[PDB]
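Naming: A, B, ... by sequence-line order, numbering from 1 per chain.
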Amino acid sequence: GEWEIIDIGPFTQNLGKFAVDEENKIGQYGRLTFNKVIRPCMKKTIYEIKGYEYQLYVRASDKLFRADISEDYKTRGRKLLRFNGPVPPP
Amino acid sequence: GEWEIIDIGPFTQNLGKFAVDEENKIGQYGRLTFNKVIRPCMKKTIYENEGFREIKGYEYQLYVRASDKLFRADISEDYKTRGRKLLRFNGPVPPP
């Protein structure tokens with residue numbers, strides 16, 4: 001596992017939207033409206049690379065949540081691993 | 001507030017010792033034996049930007065292994081006073 005901080009550009013905002021979409025299907029937090037992914041955004045590269053994990057602070061419905069997203073290198077499948085909160089801002 | 005990942009040498013391990021020593025003083029857990037601060041460790045540099053710019057202090061987000069479990073500890077330090085404070089200590093958490 002190697003870690004880096006990545007920026008919060010539209011590619012990163014997409015992962016936030018994915019987190020919210022997936023959590024909305026699960027329904028534990030009710031109906032969330034995605035607002036924004038905030039800093040800091042972290043990315044772990046899992047090793048030859050197997051895939052990645054992104055740790056995000058996602059603001060949905062004016063609340064902040066922690067979402068972890070896994071991404072497989074070969075298949076490019078993504079999965080929401082964790083989604084909890086509300087948490088205070090970092 | 002600029003963030004960076006910091007390495008896990010003695011300064012970092014002693015932030016981890018701080019966190020464990022403080023938590024043990026609180027006593028809500030059974031006695032925690034400090035093992036190690038693991039990667040990643042994040043450092044937030046807190047700047048004052050209005051007027052003469054300067055670094056006021058730092059906040060650190062740590063993963064600390066203690067009694068073979070992992071905990072999350074956030075620590076702030078004021079540079080001028082050397083005031084180090086345990087902002088939060090939660091756990092056990094799953095590994096990053």
Side-chain angles (χ1 to χ4, degrees), chain A residues 1-13 15-16 18-19 22-23 26 28-29 35-47 49 51-59 63-73 78-90, chain B residues 1 3-9 11-13 15-16 18-19 22-23 26 35-49 53 55-65 68-78 84-96:
Chain A
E2 290 171 4
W3 291 90
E4 71 191 313
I5 290 173
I6 60 181
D7 208 345
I8 62 168
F11 177 93
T12 294
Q13 299 296 325
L15 300 175
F18 174 72
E22 295 294 304
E23 183 60 28
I26 296 165
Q28 288 163 27
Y29 287 94
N35 301 140
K36 174 187 193 50
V37 174
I38 70 172
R39 298 178 186 194
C41 186
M42 295 208 80
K43 172 175 131 193
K44 181 179 63 179
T45 296
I46 301 144
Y47 292 98
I49 307 172
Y52 315 88
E53 183 193 355
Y54 307 85
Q55 310 193 320
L56 307 198
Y57 279 94
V58 183
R59 183 179 291 145
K63 303 209 163 184
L64 206 59
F65 300 90
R66 275 274 300 99
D68 297 337
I69 296 154
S70 72
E71 173 180 317
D72 186 66
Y73 187 77
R78 302 191 169 110
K79 165 152 55 148
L80 169 67
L81 299 183
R82 161 254 187 113
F83 189 106
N84 83 289
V87 311
Chain B
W3 287 93
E4 46 179 77
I5 301 177
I6 62 179
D7 200 9
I8 61 157
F11 186 88
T12 304
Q13 297 303 319
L15 281 164
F18 171 80
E22 287 297 329
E23 186 55 40
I26 293 163
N35 305 137
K36 176 183 189 183
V37 176
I38 68 174
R39 301 180 187 291
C41 176
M42 282 272 287
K43 186 174 86 186
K44 176 177 165 178
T45 295
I46 296 168
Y47 287 94
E48 173 54 84
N49 284 294
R53 189 184 68 153
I55 292 163
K56 296 300 188 172
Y58 312 83
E59 192 206 342
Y60 303 91
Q61 293 181 346
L62 279 40
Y63 284 98
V64 50
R65 183 187 291 125
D68 206 13
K69 290 291 186 196
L70 209 72
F71 297 88
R72 274 280 292 107
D74 290 345
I75 295 156
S76 78
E77 176 171 356
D78 185 66
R84 190 173 276 191
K85 199 179 183 21
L86 182 60
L87 297 182
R88 104 159 147 109
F89 186 105
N90 288 101
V93 302

Checklist entry - For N90(B), does the CG atom sit with more than 12 other heavy atoms under 6.0 Å from it, leaving out its own atoms? => result yes
Checklist entry - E53(A) versus chain B, heavy atoms under 4.5 Å apart: side chain, backbone, both or neither? => result side chain
Checklist entry - For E23(B), which residues count as a salt bridge (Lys or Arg N to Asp or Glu O under 4.0 Å) partner, sequence neighbours excluded? => result none
Next on the checklist: Could you report the tightest heavy-atom contact between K44(A) and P96(B), atom names first, then the distance?
Outcome noted: NZ-O, 3.2 Å
Checklist entry - Would you call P40(B) and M42(A) a side-chain contact if the rule is heavy atoms closer than 4.5 Å? => result yes
Checklist entry - Is chain A contacted by the side chain of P94(B), its backbone, both, or neither, given a heavy-atom distance below 4.5 Å? => result neither
